[PDB]
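What follows is a set of notes on a single structure, which appears directly below.
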Amino acid sequence: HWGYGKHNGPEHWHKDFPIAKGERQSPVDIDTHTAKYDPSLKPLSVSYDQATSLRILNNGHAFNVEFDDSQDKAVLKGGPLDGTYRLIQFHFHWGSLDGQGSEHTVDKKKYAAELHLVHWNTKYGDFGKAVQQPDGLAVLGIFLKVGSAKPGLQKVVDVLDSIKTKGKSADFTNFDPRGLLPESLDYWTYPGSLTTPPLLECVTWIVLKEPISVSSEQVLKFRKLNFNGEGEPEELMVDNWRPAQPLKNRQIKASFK
Ligand SMILES: CN[C@@H]1CN(c2cccc(OC)c2)S(=O)(=O)c2sc(S(N)(=O)=O)cc21
Ligand SMILES: [Hg+2]
Ligand SMILES: [Zn+2]
């Protein structure tokens with residue numbers, strides 16, 4: 001199956017998923033000088049106060065924290081969006097070194113990791129239906145740089161022991177995602193896709209200008225996960241990121257000057 005290795009990495013995905021070569025694929029490099037400042041952009045509205053996390057699991061590609069998206073508990077609104085988007089899960093993409101890991105790049109600069117808070121448009125009924133629409137999902141991209149520790153990430157870090165191998169999951173209730181947000185909500189936005197197969201072009205990418213910083217040992221724990229299941233030969237989960245795709249006939253709007 002697809003993965004991030006030489007024989008099943010991103011440069012092979014198109015063979016099983018032709019959309020890999022589509023017109024609005026992510027991630028892309030964000031050129032700060034050619035991004036158009038759009039004054040008609042509203043501020044983002046991130047309502048994560050009623051967020052209910054439930055479980056965290058290693059799905060072979062990364063660890064995911066899932067939330068109870070049965071009701072509008074943690075929604076994203078405003079910004080370039082029209083409609084309410086419910087939070088369903090969040091994951092990370094990191095590297096084997098501190099100078100790579102982010103999918104999106106700013107002026108060709110890569111960050112240690114990138115957090116993705118995934119939401120689906122509520123006018124579509126369920127996630128399954130949202131993925132069949134050009135405006136079905138909204139993903140909040142947040143870069144992570146190495147520096148001081150982010151206290152809000154530590155709770156996630158401690159539990160990685162329990163989900164070391166593919167398929168393992170653990171209960172992860174009462175987690176407040178608000179602790180992983182930067183001070184500023186200034187963003188860049190553009191229409192794109194999922195960065196992993198099936199590579200569907202249903203996403204409105206909202207990438208924040210301000211990155212959060214985590215410690216060296218915090219991201220270190222990330223690199224100790226396993227792509228493989230228990231028993232199989234160990235394959236360290238690192239560099240689970242896709243390289244930037246051509247921007248093509250698209251424009252990146254900035255919510256700031
Ligand atoms: C592996 N695909 C990931 C999980 N998803 C998924 C799960 C079930 C079905 C499906 O499509 C039919 C997609 S997902 O939509 O939550 C996302 S979003 C995303 S990223 N890096 O672009 O943010 C990676 C994945
Ligand atoms: Hg779509
Ligand atoms: Zn992602």
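As shown in the structure tokens, the chain order sets the letters A, B, ...; within each chain, residues go from 1, and ligands are also counted from 1 in the order they appear.
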Practice problem: Just the residues within 7 Å of residue A:79, please, counting only C-alpha atoms, with nothing from its chain fewer than 4 positions along; format it as a VMD selection string. | Solution: chain A and resid 41 to 44
What would the file look like if the residues just selected were written as a PDB file, in the first residue's frame with C-alpha atoms?
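As a result, result16.pdb now contains:
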```pdb
ATOM      1  CA  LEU A  41     -11.221  38.345   4.328  1.00  0.00           C
ATOM      2  CA  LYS A  42     -13.048  38.002   7.665  1.00  0.00           C
ATOM      3  CA  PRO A  43     -11.229  36.917  10.825  1.00  0.00           C
ATOM      4  CA  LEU A  44     -11.219  33.222  11.684  1.00  0.00           C
TER       5      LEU A  44
END
```
Practice problem: Identify, counting only C-alpha atoms and all ligand atoms, the protein, DNA and RNA residues located within 10 Å of ligand 3, and give them as JSON, numbers by chain. | Solution: {"A": [26, 27, 61, 62, 64, 90, 91, 92, 93, 94, 102, 103, 114, 115, 116, 117, 118, 139, 140, 141, 194, 195, 196, 240, 241, 242]}
Output N, CA and C atoms for every residue in the selection just made, as a short mmCIF file (atom, residue, chain, number, x, y, z; two decimals), in the first residue's frame.
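As a result, selection.cif now contains:
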```cif
data_model
loop_
_atom_site.label_atom_id
_atom_site.label_comp_id
_atom_site.auth_asym_id
_atom_site.auth_seq_id
_atom_site.Cartn_x
_atom_site.Cartn_y
_atom_site.Cartn_z
N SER A 26 -2.10 19.72 -2.83
CA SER A 26 -1.33 20.30 -1.73
C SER A 26 -0.28 19.27 -1.31
N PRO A 27 0.77 19.70 -0.58
CA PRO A 27 0.96 21.10 -0.16
C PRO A 27 1.61 21.87 -1.29
N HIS A 61 0.32 5.70 9.24
CA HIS A 61 0.82 6.88 8.52
C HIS A 61 1.17 7.98 9.53
N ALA A 62 0.49 7.96 10.67
CA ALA A 62 0.73 8.93 11.72
C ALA A 62 -0.21 8.64 12.88
N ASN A 64 -3.31 9.85 15.20
CA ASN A 64 -4.45 10.75 15.09
C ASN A 64 -5.20 10.84 16.40
N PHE A 90 -7.12 15.47 14.38
CA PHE A 90 -5.93 16.27 14.13
C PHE A 90 -4.71 15.34 14.11
N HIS A 91 -3.75 15.63 13.24
CA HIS A 91 -2.55 14.81 13.12
C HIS A 91 -1.35 15.67 12.82
N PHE A 92 -0.18 15.04 12.76
CA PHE A 92 1.04 15.78 12.49
C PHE A 92 1.79 15.11 11.36
N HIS A 93 2.74 15.85 10.81
CA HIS A 93 3.62 15.38 9.76
C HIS A 93 4.96 15.88 10.26
N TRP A 94 5.92 14.98 10.45
CA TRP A 94 7.21 15.40 10.96
C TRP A 94 8.33 14.75 10.20
N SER A 102 7.56 19.68 7.70
CA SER A 102 6.35 20.40 7.32
C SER A 102 6.04 20.03 5.86
N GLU A 103 4.77 20.08 5.49
CA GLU A 103 4.39 19.77 4.12
C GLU A 103 4.45 21.08 3.34
N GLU A 114 4.25 19.88 11.12
CA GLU A 114 3.06 20.62 10.73
C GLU A 114 1.83 19.89 11.28
N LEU A 115 1.05 20.62 12.07
CA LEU A 115 -0.17 20.12 12.68
C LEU A 115 -1.34 20.43 11.77
N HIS A 116 -2.21 19.44 11.56
CA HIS A 116 -3.39 19.63 10.75
C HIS A 116 -4.63 19.31 11.55
N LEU A 117 -5.49 20.32 11.70
CA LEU A 117 -6.76 20.17 12.39
C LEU A 117 -7.75 20.08 11.24
N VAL A 118 -8.34 18.90 11.08
CA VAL A 118 -9.24 18.61 9.97
C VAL A 118 -10.70 18.83 10.33
N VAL A 139 -8.85 22.64 6.39
CA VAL A 139 -7.80 22.16 7.26
C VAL A 139 -6.98 23.34 7.74
N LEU A 140 -6.82 23.41 9.06
CA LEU A 140 -6.04 24.45 9.70
C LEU A 140 -4.62 23.95 9.83
N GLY A 141 -3.71 24.51 9.05
CA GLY A 141 -2.32 24.10 9.09
C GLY A 141 -1.55 24.98 10.05
N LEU A 194 -6.11 16.76 -0.03
CA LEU A 194 -5.54 16.05 1.11
C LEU A 194 -4.12 15.81 0.64
N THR A 195 -3.17 15.74 1.56
CA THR A 195 -1.80 15.52 1.17
C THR A 195 -1.46 14.03 1.16
N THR A 196 -2.43 13.20 1.52
CA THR A 196 -2.25 11.75 1.53
C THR A 196 -3.31 11.11 0.65
N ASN A 240 6.91 11.58 7.25
CA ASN A 240 5.62 11.18 6.72
C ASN A 240 4.99 12.43 6.07
N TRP A 241 5.78 13.12 5.25
CA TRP A 241 5.32 14.32 4.58
C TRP A 241 5.46 14.24 3.07
N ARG A 242 4.58 14.94 2.38
CA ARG A 242 4.58 14.99 0.93
C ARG A 242 5.24 16.30 0.45
#
```
Quiz prompt | Among the residues A:229, A:24, A:36, A:54, the one that comes closest to residue A:172 [using only C-alpha atoms] | solution =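 Smallest separation from residue A:172 among the options: A:54.
Between residue A:222 and the candidates A:8, A:184, A:53, A:58, the tightest atom-to-atom separation, counting only C-alpha atoms, involves A:58.
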Exercise. Return as an NGL selection string the full set of residues in stretch 27-238 of chain A whose backbone-based DSSP assignment is strand (DSSP E).
Key: :A and (29-30 or 36-37 or 44-47 or 53-58 or 63-67 or 75-78 or 85-94 or 105-106 or 113-121 or 137-146 or 169-171 or 187-192 or 203-208 or 212-214)
Quiz item: Smallest atom-to-atom distance to residue A:31: which of A:201, A:107, A:126, A:98, using only C-alpha atoms?
Solution: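 For residue A:31, the nearest of the given residues is A:107.
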Self-check item: stretch 146-161 of chain A surroundings by only C-alpha atoms, 12 Å radius, close-in-sequence under 5 positions cut, as an MDAnalysis selection string
Solution: chainID A and resid 53 55:58 62:65 90:92 94 97:101 110:115 166 168:182 211:226
Quiz prompt | Pick from A:122, A:25, A:50, A:40 nearest to residue A:193, counting only C-alpha atoms | solution = A:25
